[PDB]
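To start, the structure itself, in structure tokens.
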Amino acid sequence: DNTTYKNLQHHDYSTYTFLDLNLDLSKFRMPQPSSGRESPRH
Amino acid sequence: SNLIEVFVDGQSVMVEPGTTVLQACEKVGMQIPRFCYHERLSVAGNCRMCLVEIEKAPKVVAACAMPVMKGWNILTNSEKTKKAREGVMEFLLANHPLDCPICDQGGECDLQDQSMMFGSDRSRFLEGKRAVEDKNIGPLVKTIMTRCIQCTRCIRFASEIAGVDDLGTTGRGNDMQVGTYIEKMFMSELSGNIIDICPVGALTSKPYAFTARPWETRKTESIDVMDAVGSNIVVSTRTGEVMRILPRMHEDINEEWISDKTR
Amino acid sequence: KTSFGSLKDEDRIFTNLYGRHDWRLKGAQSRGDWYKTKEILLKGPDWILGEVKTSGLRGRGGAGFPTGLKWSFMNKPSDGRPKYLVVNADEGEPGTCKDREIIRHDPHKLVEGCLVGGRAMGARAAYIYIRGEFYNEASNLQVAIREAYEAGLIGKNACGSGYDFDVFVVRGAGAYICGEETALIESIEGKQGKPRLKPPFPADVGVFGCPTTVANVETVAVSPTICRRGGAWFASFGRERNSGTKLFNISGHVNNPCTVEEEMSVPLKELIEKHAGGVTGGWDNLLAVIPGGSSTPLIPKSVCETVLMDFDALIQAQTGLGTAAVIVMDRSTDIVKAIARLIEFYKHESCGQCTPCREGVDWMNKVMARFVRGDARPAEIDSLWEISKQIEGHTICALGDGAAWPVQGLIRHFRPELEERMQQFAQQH
Amino acid sequence: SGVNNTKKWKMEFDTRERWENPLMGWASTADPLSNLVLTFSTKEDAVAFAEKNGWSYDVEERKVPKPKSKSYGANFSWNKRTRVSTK
Amino acid sequence: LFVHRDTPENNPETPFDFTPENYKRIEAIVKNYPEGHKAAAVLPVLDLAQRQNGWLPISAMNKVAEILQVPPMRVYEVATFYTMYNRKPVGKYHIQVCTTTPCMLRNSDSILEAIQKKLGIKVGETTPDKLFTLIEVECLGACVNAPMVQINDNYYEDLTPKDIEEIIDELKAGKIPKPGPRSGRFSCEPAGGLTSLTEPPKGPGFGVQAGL
Ligand SMILES: Cc1cc2nc3c(=O)[nH]c(=O)nc-3n(C[C@H](O)[C@H](O)[C@H](O)COP(=O)(O)O)c2cc1C
Ligand code: SF4
Ligand code: SF4
Ligand code: SF4
Ligand code: FES
Ligand code: FES
Ligand SMILES: [K+]
């Protein structure tokens with residue numbers, strides 16, 4: 001078919017949809033690198 | 001051995017790698033005009049008054065930030081360089097207030113002096129000017145922020161030298177403003193130094209206000225006794241009266257700062 | 001070849017541009033995404049960079065630098081710091097909305113593009129910076145990214161190739177200047193979106209002070225197809241040094257404003273008529289066209305008759321391809337007002353960091369406001385021209401140039417309209 | 001920031017009393033050298049001039065600002081404290 | 001204004017805290033960035049506070065500065081630089097009409113005029129019932145669907161004065177109108193029938209170069 005819009009999932013997205021996905025992805029991420037200090041002011 | 005050769009108006013000069021174009025020029029006695037650059041602060045590169053032509057390069061470079069490359073010929077007085085300075089000076093003065101008679105910086109103002117030496121002699125700005133509300137930051141530093149040219153020297157000094165991150169820029173574009181956002185006093189033992197580094201009369205000494213003009217004061221080079229550091233100072237006097245205290249550069253002591261008590 | 005256009009569907013890259021097929025992983029794979037990705041990664045960074053080089057691909061974010069050479073600045077040994085790919089999805093140029101379609105309808109092309117482009121650079125992760133207003137689009141991208149992670153296509157041992165690669169989505173907060181590559185990096189680092197001076201270059205000191213490459217969404221998303229189908233396949237489209245296919249946004253006074261994929265060097269007239277339905281009120285009703293987003297100078301109808309849509313042809317016409325956003329103005333348009341509004345846009349978007357744009361663009365805006373009403377003298381036209389030349393080439397970033405060029409385009413091609421407006425005002429007053 | 005007033009050597013004399021004029025409050029003086037300031041190309045020239053005129057003197061060695069090591073890229077350091085938090 | 005003056009409604013003692021579920025979201029946000037560079041999370045975290053609260057009182061800015069150990073001024077700079085942050089309360093629905101040239105050329109003025117007449121406000125104002133705030137914005141990246149508006153997180157596109165009044169009518173009733181174009185087409189494809197991508201897309205491996 002080529003006559004229907006198939007991007008209707010975003011009609012149900014809410015305020016926290018983006019950050020919930022980010023939280024969900026948190027387990028998959030590789031460990032972050034480290035600059036060696038807690039911040040540039042340390 | 002590591003030194004590289006660069007040219008300043010055809011004059012050869014040997015510089016360490018990493019030397020900026022502005023630092024190459026001062027090695028032959030040329031002082032590039034500047035506003036945002038201070039050699040004791042981090043490089044900013046935002047005022048654009050230091051733009052200079054490099055021979056064979058279509059684009060002018062910011063001399064204060066651009067590292068000099070081997071074989072470059074820096075044209076500090078070419079037509080392209082002069083027109084770049086005139087353009088930047090024109091933009092700096094477009095919104096600047098007609099305050100020189102009432103402004104304490106008058107007579108020792110880098111904006112006045114570099115306008116005389118590197119800018120045009122007239123205006124073609126036909127619109128109305130920006131006006132900015134004043135911020136109260138304590139009993140020592142008076143702010144007339146319509147005079148501010150957004151050089152960010154005070155912000156960098158506060159964060160880097162005084163270690164206080166209370167100054168910043170709020171807003172965007174032409175309406176970008178330097179201040180604390182909230183009402184807050186910038187009270188630090190080094191706070192008075194932002195008066196010296198501010199190139200304009202945006203930040204001035206509250207105690208000193210309106211009392212003297214720079215051309216009429218006599219300078220006595222002396223020493224501070226408010227502590228045991230022995231900071232080198234200049235005592236401004238007029239007609240037998242002490243009018244203010246200014247830092248005197250001594251690289252091994254107070255480099256060019258003094259404490260608020262000394263000031 | 002000497003004629004370019006009529007791109008066939010089999011040669012189009014963004015085959016779900018209009019979102020009429022499943023945009024999720026299953027749909028993406030049925031359309032060829034994520035196919036032999038493992039073989040591409042194991043071919044090596046040098047092979048990938050060669051394929052992008054031979055493709056003749058140039059940046060699609062507005063400036064058009066050769067992509068293969070740009071990405072090769074990263075192809076250097078490690079010095080202890082991580083390496084990053086930053087994908088520019090800020091999509092802020094007025095008239096330009098192409099990257100929006102890629103992100104929401106072909107997200108897996110972008111995700112694969114990050115991995116392949118990331119491999120060629122040696123980068124450990126990709127940060128996709130997407131403008132805050134694109135909330136629904138960013139959420140679509142996050143869903144696609146999660147599918148890739150679950151399928152093992154990204155992350156640890158990505159595509160079973162032994163290469164670890166993360167993909168992070170970071171949202172902007174409303175600022176056109178954050179599309180500028182160094183301002184984008186400053187924004188990711190949690191600062192005001194103010195561009196950095198160069199040097200250093202991002203390939204040396206970039207995001208978090210680490211080697212970085214900033215690439216446009218379209219530039220990244222076409223890379224996996226280039227590796228699959230070959231650089232020579234890409235270079236067979238368009239003129240020499242103007243290779244490939246391009247996404248065009250035709251907006252303004254056309255009958256059917258739309259986004260379409262077409263061959264580079266297609267005639268501008270052909271693009272507007274074949275795909276956009278022609279200029280509103282007929283071709284002869286055309287006044288001026290902004291060929292590549294609000295930052296490129298306008299060109300009059302006479303120039304528009306024969307001009308080709310590619311980097312070199314439009315530079316020869318005293319303008320630029322830019323983002324390939326075609327804004328069409330017919331003769332009913334108040335051309336002076338239309339340009340004045342773009343100057344008002346740049347005045348609102350200037351970051352305020354550096355003097356010529358902070359003060360100059362606002363100054364140009366005030367002069368243009370008076371030029372709209374005729375409330376000026378003709379001698380001010382040359383003054384406005386000179387002011388624009390004092391901004392161009394004197395600022396930290398190219399936003400200053402982007403505000404100067406539209407003014408220059410108006411004075412170059414429509415000076416009589418400006419002068420006529422002034423005569424009318426003076427007579428009335 | 002201008003450095004053009006730091007090129008030449010100067011010779012000034014010791015400061016002496018100034019008092020308020022009773023009539024107007026103006027600053028009076030009895031020091032005939034209160035305003036005298038001479039300019040010299042080198043410290044040697046200034047020293048020579050003082051010697052032949054019989055003035056005892058003190059010489060202060062010229063203070064030069066030492067060369068700094070400036071680097072814009074240090075504002076964005078990956079792991080050093082030179083990273084700036086604002087621009 | 002880009003300066004702050006304490007009021008009874010907006011001062012450091014105004015109450016703001018993140019909910020326990022938002023603290024978990026912050027934890028995942030902060031982990032997206034290298035250790036030693038937590039300041040990178042200021043924008044997403046500051047945006048998160050705006051989503052919980054609707055706008056950013058000075059106390060919300062201070063809280064974010066505390067959590068990420070950045071000076072408050074560096075958060076004030078971010079809040080005042082980026083236009084999507086609301087430093088004053090807005091209405092339940094924030095209507096943002098694009099008026100840049102591409103949308104101007106397709107009569108965004110009519111859309112802006114229709115909203116004002118229906119809501120009985122002017123650009124920049126909030127309705128007395130505090131349901132709607134109206135402002136003009138720059139190009140929203142939906143140029144080919146001009147004229148268009150953003151309401152909160154959603155785009156409404158290909159608008160006409162009647163269409164935007166029916167969207168506002170739905171919002172008043174409490175219903176949620178579906179986003180996207182209102183002229184018939186679904187997204188950015190040309191109206192009157194596709195001029196490309198009519199054929200089915202090729203499958204996996206089509207046109208792949210030999211040796212790969
Ligand atoms: C004011 C301004 C806005 C820009 N906006 C974008 C943008 O929204 N998207 C983009 O890809 N590039 C934008 N750019 C260009 C980028 O700075 C940079 O050239 C580009 O991301 C490089 O990617 P590319 O080589 O694939 O083209 C902008 C530049 C300027 C000066
Ligand atoms: S800062 Fe300088 S130029 Fe400005 S009013 Fe004061 S003296 Fe005049
Ligand atoms: S107040 Fe003075 S030092 Fe601070 S940014 Fe303005 S001009 Fe520069
Ligand atoms: S040109 Fe404008 S946007 Fe670019 S750095 Fe300068 S002030 Fe900021
Ligand atoms: S002194 Fe170089 S840009 Fe300011
Ligand atoms: S001009 Fe309105 S969305 Fe681009
Ligand atoms: K001062």
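Lettering and numbering for the structure tokens are positional, with chains as A, B, ... in the shown order, residues counted from 1 in each chain, and ligands counted from 1 in the shown order.
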Inset, instruction - Mind checking which residues fall within 9 Å of residue 369 in chain C, counting only C-alpha atoms, ignoring those fewer than 5 positions away in the same chain, and posting them as an MDAnalysis selection string? - result: chainID C and resid 337 340:341 344 364 374:375
Inset, instruction - Step by step, measure atom-to-atom distances between ligand 7 and each residue using only C-alpha atoms and all ligand atoms, keep those at most 9 Å, then write them as JSON, numbers by chain. - result: {"B": [104, 105, 109, 194, 195, 196, 197, 198, 199, 200, 201, 202, 203, 204, 205]}
Legend entry - Protein and nucleic acid residues within 8 Å of ligand 2 (only C-alpha atoms and all ligand atoms) as a list in words: residues 93, 96, 97, 98, 99, 100, 101, 102, 103, 104, 105, 106, 107, 108, 109, 110, 111, 112, 147, 148, 199, 200, 201 and 202 of chain B
Legend entry - At most 6 Å from ligand 4 (only C-alpha atoms and all ligand atoms): residue list as a ChimeraX atom specification: /C:177,194-195,350-354,357-358,395-397,399-400
Selected residues, N, CA and C atoms, written as a PDB file, in the first residue's frame, please.
```pdb
ATOM      1  N   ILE C 177      20.889  29.797  16.257  1.00  0.00           N
ATOM      2  CA  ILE C 177      22.343  29.828  16.231  1.00  0.00           C
ATOM      3  C   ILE C 177      22.935  28.491  16.643  1.00  0.00           C
ATOM      4  N   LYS C 194      26.775  29.902  21.845  1.00  0.00           N
ATOM      5  CA  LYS C 194      27.624  30.909  21.239  1.00  0.00           C
ATOM      6  C   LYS C 194      28.771  30.233  20.507  1.00  0.00           C
ATOM      7  N   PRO C 195      28.972  30.502  19.220  1.00  0.00           N
ATOM      8  CA  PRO C 195      30.032  29.805  18.486  1.00  0.00           C
ATOM      9  C   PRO C 195      31.414  30.092  19.051  1.00  0.00           C
ATOM     10  N   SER C 350      20.578  36.269  16.389  1.00  0.00           N
ATOM     11  CA  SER C 350      21.966  36.584  16.697  1.00  0.00           C
ATOM     12  C   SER C 350      22.270  36.281  18.156  1.00  0.00           C
ATOM     13  N   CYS C 351      23.373  35.573  18.399  1.00  0.00           N
ATOM     14  CA  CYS C 351      23.692  35.204  19.772  1.00  0.00           C
ATOM     15  C   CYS C 351      24.188  36.395  20.575  1.00  0.00           C
ATOM     16  N   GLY C 352      24.593  37.473  19.912  1.00  0.00           N
ATOM     17  CA  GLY C 352      25.047  38.662  20.592  1.00  0.00           C
ATOM     18  C   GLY C 352      26.487  38.626  21.036  1.00  0.00           C
ATOM     19  N   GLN C 353      27.227  37.573  20.704  1.00  0.00           N
ATOM     20  CA  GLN C 353      28.582  37.433  21.214  1.00  0.00           C
ATOM     21  C   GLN C 353      29.503  38.510  20.657  1.00  0.00           C
ATOM     22  N   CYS C 354      29.522  38.687  19.343  1.00  0.00           N
ATOM     23  CA  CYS C 354      30.550  39.488  18.701  1.00  0.00           C
ATOM     24  C   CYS C 354      29.967  40.755  18.086  1.00  0.00           C
ATOM     25  N   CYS C 357      27.820  41.555  14.449  1.00  0.00           N
ATOM     26  CA  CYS C 357      26.481  40.994  14.318  1.00  0.00           C
ATOM     27  C   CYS C 357      25.565  41.447  15.444  1.00  0.00           C
ATOM     28  N   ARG C 358      26.082  41.555  16.667  1.00  0.00           N
ATOM     29  CA  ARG C 358      25.252  42.007  17.777  1.00  0.00           C
ATOM     30  C   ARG C 358      24.691  43.394  17.504  1.00  0.00           C
ATOM     31  N   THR C 395      32.840  38.634  11.515  1.00  0.00           N
ATOM     32  CA  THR C 395      32.188  38.061  12.680  1.00  0.00           C
ATOM     33  C   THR C 395      32.802  36.715  13.041  1.00  0.00           C
ATOM     34  N   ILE C 396      32.395  36.194  14.196  1.00  0.00           N
ATOM     35  CA  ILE C 396      32.905  34.903  14.639  1.00  0.00           C
ATOM     36  C   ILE C 396      32.348  33.781  13.773  1.00  0.00           C
ATOM     37  N   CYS C 397      31.040  33.773  13.528  1.00  0.00           N
ATOM     38  CA  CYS C 397      30.448  32.685  12.764  1.00  0.00           C
ATOM     39  C   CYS C 397      29.791  33.245  11.510  1.00  0.00           C
ATOM     40  N   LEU C 399      26.637  33.338  10.723  1.00  0.00           N
ATOM     41  CA  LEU C 399      25.339  33.993  10.842  1.00  0.00           C
ATOM     42  C   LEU C 399      25.427  35.448  10.412  1.00  0.00           C
ATOM     43  N   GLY C 400      26.541  36.109  10.717  1.00  0.00           N
ATOM     44  CA  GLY C 400      26.729  37.468  10.245  1.00  0.00           C
ATOM     45  C   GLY C 400      26.688  37.567   8.733  1.00  0.00           C
TER      46      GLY C 400
END
```
Inset, instruction - Hey, list the chain D side of the contact with chain E: 12 Å cut-off, only C-alpha atoms, answer as a list in words. - result: residues 76, 77, 78, 79, 80, 81, 83, 84, 85, 86 and 87 of chain D
Residue subset to file, keeping N, CA, C and O atoms, as a PDB file, in the first residue's frame:
```pdb
ATOM      1  N   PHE D  76      38.404  25.226  26.440  1.00  0.00           N
ATOM      2  CA  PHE D  76      37.530  24.079  26.236  1.00  0.00           C
ATOM      3  C   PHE D  76      38.232  22.787  26.619  1.00  0.00           C
ATOM      4  O   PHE D  76      37.969  21.736  26.036  1.00  0.00           O
ATOM      5  N   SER D  77      39.116  22.849  27.607  1.00  0.00           N
ATOM      6  CA  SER D  77      39.933  21.698  27.958  1.00  0.00           C
ATOM      7  C   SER D  77      39.069  20.512  28.357  1.00  0.00           C
ATOM      8  O   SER D  77      38.001  20.657  28.954  1.00  0.00           O
ATOM      9  N   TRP D  78      39.550  19.320  28.013  1.00  0.00           N
ATOM     10  CA  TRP D  78      38.835  18.090  28.329  1.00  0.00           C
ATOM     11  C   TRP D  78      38.983  17.710  29.796  1.00  0.00           C
ATOM     12  O   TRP D  78      38.028  17.224  30.408  1.00  0.00           O
ATOM     13  N   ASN D  79      40.157  17.942  30.389  1.00  0.00           N
ATOM     14  CA  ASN D  79      40.416  17.467  31.743  1.00  0.00           C
ATOM     15  C   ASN D  79      41.169  18.464  32.617  1.00  0.00           C
ATOM     16  O   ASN D  79      41.562  18.102  33.730  1.00  0.00           O
ATOM     17  N   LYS D  80      41.385  19.695  32.166  1.00  0.00           N
ATOM     18  CA  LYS D  80      42.089  20.702  32.944  1.00  0.00           C
ATOM     19  C   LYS D  80      41.120  21.758  33.456  1.00  0.00           C
ATOM     20  O   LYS D  80      40.009  21.916  32.947  1.00  0.00           O
ATOM     21  N   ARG D  81      41.564  22.495  34.472  1.00  0.00           N
ATOM     22  CA  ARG D  81      40.744  23.532  35.079  1.00  0.00           C
ATOM     23  C   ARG D  81      40.635  24.786  34.225  1.00  0.00           C
ATOM     24  O   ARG D  81      39.830  25.663  34.551  1.00  0.00           O
ATOM     25  N   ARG D  83      39.201  25.123  31.556  1.00  0.00           N
ATOM     26  CA  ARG D  83      37.915  25.156  30.876  1.00  0.00           C
ATOM     27  C   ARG D  83      37.041  26.262  31.452  1.00  0.00           C
ATOM     28  O   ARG D  83      36.860  26.359  32.667  1.00  0.00           O
ATOM     29  N   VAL D  84      36.502  27.094  30.585  1.00  0.00           N
ATOM     30  CA  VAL D  84      35.652  28.199  31.009  1.00  0.00           C
ATOM     31  C   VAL D  84      34.220  27.701  31.118  1.00  0.00           C
ATOM     32  O   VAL D  84      33.773  26.845  30.351  1.00  0.00           O
ATOM     33  N   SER D  85      33.495  28.238  32.091  1.00  0.00           N
ATOM     34  CA  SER D  85      32.092  27.900  32.271  1.00  0.00           C
ATOM     35  C   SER D  85      31.153  28.831  31.516  1.00  0.00           C
ATOM     36  O   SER D  85      29.947  28.577  31.490  1.00  0.00           O
ATOM     37  N   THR D  86      31.668  29.893  30.901  1.00  0.00           N
ATOM     38  CA  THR D  86      30.820  30.847  30.203  1.00  0.00           C
ATOM     39  C   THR D  86      31.651  31.580  29.162  1.00  0.00           C
ATOM     40  O   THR D  86      32.883  31.576  29.209  1.00  0.00           O
ATOM     41  N   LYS D  87      30.958  32.215  28.224  1.00  0.00           N
ATOM     42  CA  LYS D  87      31.613  33.024  27.204  1.00  0.00           C
ATOM     43  C   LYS D  87      31.005  34.417  27.133  1.00  0.00           C
ATOM     44  O   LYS D  87      29.786  34.574  27.126  1.00  0.00           O
TER      45      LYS D  87
END
```
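Taking only C-alpha atoms and all ligand atoms into account, the residues that come within 6 Å of ligand 1 are residues 59, 60, 61, 62, 63, 64, 65, 67, 88, 89, 90, 91, 92, 93, 176, 177, 179, 180, 181, 214, 215, 216, 219, 397, 398 and 399 of chain C.
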Legend entry - Contact residues (chain A, partner chain D, 12 Å, only C-alpha atoms) as a list in words: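 Residues satisfying the distance criterion: residues 33, 34, 35, 36, 37, 38, 39, 40, 41 and 42 of chain A.
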Grab the residues selected above and save them as a PDB file, in the first residue's frame with N, CA, C and O atoms.
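Result file is selection_37.pdb:
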```pdb
ATOM      1  N   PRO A  33      33.149   7.714  29.420  1.00  0.00           N
ATOM      2  CA  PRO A  33      34.540   8.026  29.750  1.00  0.00           C
ATOM      3  C   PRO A  33      34.610   9.019  30.902  1.00  0.00           C
ATOM      4  O   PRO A  33      33.614   9.606  31.318  1.00  0.00           O
ATOM      5  N   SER A  34      35.820   9.193  31.421  1.00  0.00           N
ATOM      6  CA  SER A  34      36.052  10.066  32.560  1.00  0.00           C
ATOM      7  C   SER A  34      37.210  11.008  32.274  1.00  0.00           C
ATOM      8  O   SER A  34      38.238  10.600  31.732  1.00  0.00           O
ATOM      9  N   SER A  35      37.033  12.271  32.651  1.00  0.00           N
ATOM     10  CA  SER A  35      38.099  13.253  32.545  1.00  0.00           C
ATOM     11  C   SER A  35      39.091  13.168  33.695  1.00  0.00           C
ATOM     12  O   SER A  35      40.122  13.844  33.648  1.00  0.00           O
ATOM     13  N   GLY A  36      38.805  12.366  34.718  1.00  0.00           N
ATOM     14  CA  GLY A  36      39.686  12.185  35.844  1.00  0.00           C
ATOM     15  C   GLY A  36      39.313  12.985  37.073  1.00  0.00           C
ATOM     16  O   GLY A  36      39.770  12.650  38.170  1.00  0.00           O
ATOM     17  N   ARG A  37      38.501  14.024  36.925  1.00  0.00           N
ATOM     18  CA  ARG A  37      38.080  14.849  38.044  1.00  0.00           C
ATOM     19  C   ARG A  37      36.565  14.984  38.023  1.00  0.00           C
ATOM     20  O   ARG A  37      35.906  14.670  37.030  1.00  0.00           O
ATOM     21  N   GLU A  38      36.011  15.443  39.146  1.00  0.00           N
ATOM     22  CA  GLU A  38      34.560  15.520  39.264  1.00  0.00           C
ATOM     23  C   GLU A  38      33.991  16.657  38.427  1.00  0.00           C
ATOM     24  O   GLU A  38      32.854  16.563  37.955  1.00  0.00           O
ATOM     25  N   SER A  39      34.749  17.727  38.236  1.00  0.00           N
ATOM     26  CA  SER A  39      34.328  18.814  37.366  1.00  0.00           C
ATOM     27  C   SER A  39      35.503  19.752  37.131  1.00  0.00           C
ATOM     28  O   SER A  39      36.533  19.635  37.801  1.00  0.00           O
ATOM     29  N   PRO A  40      35.397  20.689  36.188  1.00  0.00           N
ATOM     30  CA  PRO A  40      36.515  21.612  35.949  1.00  0.00           C
ATOM     31  C   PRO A  40      36.846  22.485  37.141  1.00  0.00           C
ATOM     32  O   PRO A  40      37.942  23.055  37.183  1.00  0.00           O
ATOM     33  N   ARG A  41      35.942  22.616  38.106  1.00  0.00           N
ATOM     34  CA  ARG A  41      36.183  23.407  39.303  1.00  0.00           C
ATOM     35  C   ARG A  41      36.755  22.584  40.450  1.00  0.00           C
ATOM     36  O   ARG A  41      36.945  23.127  41.541  1.00  0.00           O
ATOM     37  N   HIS A  42      37.033  21.305  40.236  1.00  0.00           N
ATOM     38  CA  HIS A  42      37.648  20.467  41.257  1.00  0.00           C
ATOM     39  C   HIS A  42      39.157  20.386  41.071  1.00  0.00           C
ATOM     40  O   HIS A  42      39.641  20.112  39.978  1.00  0.00           O
TER      41      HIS A  42
END
```
Inset, instruction - Could you please select, counting only C-alpha atoms, the residues of chain B within 6 Å of chain C and state them as a ChimeraX atom specification? - result: /B:46-47,87,91,172-174
Legend entry - 12 Å contacts from chain E to chain A using only C-alpha atoms, as a VMD selection string: chain E and resid 21 to 40 44 to 45 47 to 54 68 to 71 152 to 156 176 to 181 184 to 189 193 to 194 196 to 201
Inset, instruction - Please write out the residues within 10 Å of ligand 5 as a PyMOL selection string, counting only C-alpha atoms and all ligand atoms. - result: (chain B and resi 22+32-39+43-52+61-66+88+151-153) or (chain C and resi 197+354-355+394-396)
Inset, instruction - All residues within 12 Å of ligand 6 are required, counting only C-alpha atoms and all ligand atoms; please report them as a PyMOL selection string. - result: (chain C and resi 91-98+100+133-134+176+249-252+293-294+325-327+338+341-342+345) or (chain E and resi 96-109+111+136-150+155-159)
Residues as selected, C-alpha atoms, written as an mmCIF file, in the first residue's frame, can you do that?
```
data_model
loop_
_atom_site.group_PDB
_atom_site.id
_atom_site.type_symbol
_atom_site.label_atom_id
_atom_site.label_comp_id
_atom_site.auth_asym_id
_atom_site.auth_seq_id
_atom_site.Cartn_x
_atom_site.Cartn_y
_atom_site.Cartn_z
ATOM 1 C CA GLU C 91 17.188 22.277 11.213
ATOM 2 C CA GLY C 92 16.716 25.989 11.754
ATOM 3 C CA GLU C 93 17.221 27.741 8.423
ATOM 4 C CA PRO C 94 13.957 29.437 7.367
ATOM 5 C CA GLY C 95 12.527 27.651 4.368
ATOM 6 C CA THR C 96 14.318 24.409 5.268
ATOM 7 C CA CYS C 97 12.401 21.426 6.632
ATOM 8 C CA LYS C 98 14.129 18.471 4.942
ATOM 9 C CA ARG C 100 12.535 16.822 9.720
ATOM 10 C CA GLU C 133 10.467 22.213 18.837
ATOM 11 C CA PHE C 134 10.768 18.808 17.105
ATOM 12 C CA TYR C 176 18.692 29.106 15.439
ATOM 13 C CA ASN C 249 11.966 22.104 -0.099
ATOM 14 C CA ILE C 250 9.786 24.203 -2.401
ATOM 15 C CA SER C 251 7.700 26.657 -0.367
ATOM 16 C CA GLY C 252 6.215 30.108 -0.824
ATOM 17 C CA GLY C 293 17.200 29.118 2.544
ATOM 18 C CA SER C 294 16.881 32.612 3.925
ATOM 19 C CA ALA C 325 15.202 25.390 0.443
ATOM 20 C CA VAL C 326 13.463 27.110 -2.476
ATOM 21 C CA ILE C 327 11.252 29.983 -1.322
ATOM 22 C CA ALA C 338 9.773 39.926 2.666
ATOM 23 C CA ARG C 341 11.271 40.103 7.770
ATOM 24 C CA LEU C 342 14.286 37.853 7.235
ATOM 25 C CA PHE C 345 14.665 36.967 11.917
ATOM 26 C CA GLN E 96 3.176 29.785 18.798
ATOM 27 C CA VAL E 97 2.382 31.158 15.342
ATOM 28 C CA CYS E 98 5.244 31.187 12.850
ATOM 29 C CA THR E 99 5.553 34.511 11.028
ATOM 30 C CA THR E 100 8.887 34.168 9.226
ATOM 31 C CA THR E 101 8.871 34.890 5.499
ATOM 32 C CA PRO E 102 7.878 31.439 4.133
ATOM 33 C CA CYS E 103 4.898 31.347 6.500
ATOM 34 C CA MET E 104 4.295 35.062 5.959
ATOM 35 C CA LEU E 105 4.120 34.518 2.193
ATOM 36 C CA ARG E 106 1.338 31.969 2.744
ATOM 37 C CA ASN E 107 -0.766 34.264 4.918
ATOM 38 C CA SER E 108 0.238 33.572 8.511
ATOM 39 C CA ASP E 109 -1.212 37.028 9.204
ATOM 40 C CA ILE E 111 -3.955 32.816 11.105
ATOM 41 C CA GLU E 136 4.828 34.868 17.349
ATOM 42 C CA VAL E 137 7.874 32.684 16.711
ATOM 43 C CA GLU E 138 10.474 32.227 13.995
ATOM 44 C CA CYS E 139 10.590 29.412 11.446
ATOM 45 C CA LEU E 140 9.507 26.183 13.107
ATOM 46 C CA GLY E 141 11.023 23.980 10.411
ATOM 47 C CA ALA E 142 7.664 23.143 8.810
ATOM 48 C CA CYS E 143 7.902 25.647 6.000
ATOM 49 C CA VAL E 144 6.333 23.571 3.213
ATOM 50 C CA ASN E 145 3.215 23.180 5.375
ATOM 51 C CA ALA E 146 2.786 26.901 5.979
ATOM 52 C CA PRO E 147 0.954 28.577 7.542
ATOM 53 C CA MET E 148 1.323 26.611 10.769
ATOM 54 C CA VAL E 149 1.296 26.856 14.553
ATOM 55 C CA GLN E 150 2.819 24.941 17.433
ATOM 56 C CA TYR E 155 2.397 21.091 15.141
ATOM 57 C CA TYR E 156 -0.816 22.064 13.350
ATOM 58 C CA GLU E 157 -0.144 22.747 9.712
ATOM 59 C CA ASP E 158 -1.586 23.836 6.364
ATOM 60 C CA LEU E 159 -3.927 26.025 8.356
#
```
Inset, instruction - For residue 35 in chain D, work out the shell of residues within 12 Å, counting only C-alpha atoms and skipping chain neighbours fewer than 6 positions away, then give it as a count of residues only. - result: 10
Legend entry - Point-to-point distance from atom 1 (S, counted along the ligand's line) of ligand 3 to CA of residue 246 in chain B, Å rounded to tenths: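 Separating atom 1 (S, counted along the ligand's line) of ligand 3 from CA of residue 246 in chain B is a distance of 18.6 Å.
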List every residue of chain C that has an atom at most 7 Å from any atom of chain A, and for each one report the closest atom pair and its distance in Å to one decimal, counting only C-alpha atoms, with rows sorted by chain and then by increasing residue number, as CSV.
```
residue,atom,partner,partner_atom,distance
C:19,CA,A:5,CA,6.0
C:20,CA,A:5,CA,5.0
C:21,CA,A:6,CA,5.8
C:22,CA,A:6,CA,5.8
C:136,CA,A:10,CA,5.9
C:139,CA,A:18,CA,5.1
C:142,CA,A:21,CA,6.4
C:146,CA,A:25,CA,6.4
C:149,CA,A:28,CA,6.8
C:155,CA,A:29,CA,6.6
C:156,CA,A:30,CA,6.9
C:166,CA,A:29,CA,6.2
```
Inset, instruction - Identify every residue of chain D that has at least one atom within 6 Å of any atom of chain B, counting only C-alpha atoms, and report the result as a ChimeraX atom specification. - result: /D:18,27,72
Inset, instruction - Determine, counting only C-alpha atoms, which protein, DNA and RNA residues have an atom within 10 Å of an atom of residue 82 in chain B; residues of the same chain fewer than 2 positions away are not included. Present the result as a PyMOL selection string. - result: chain B and resi 51-53+75-80+84-87+118-120
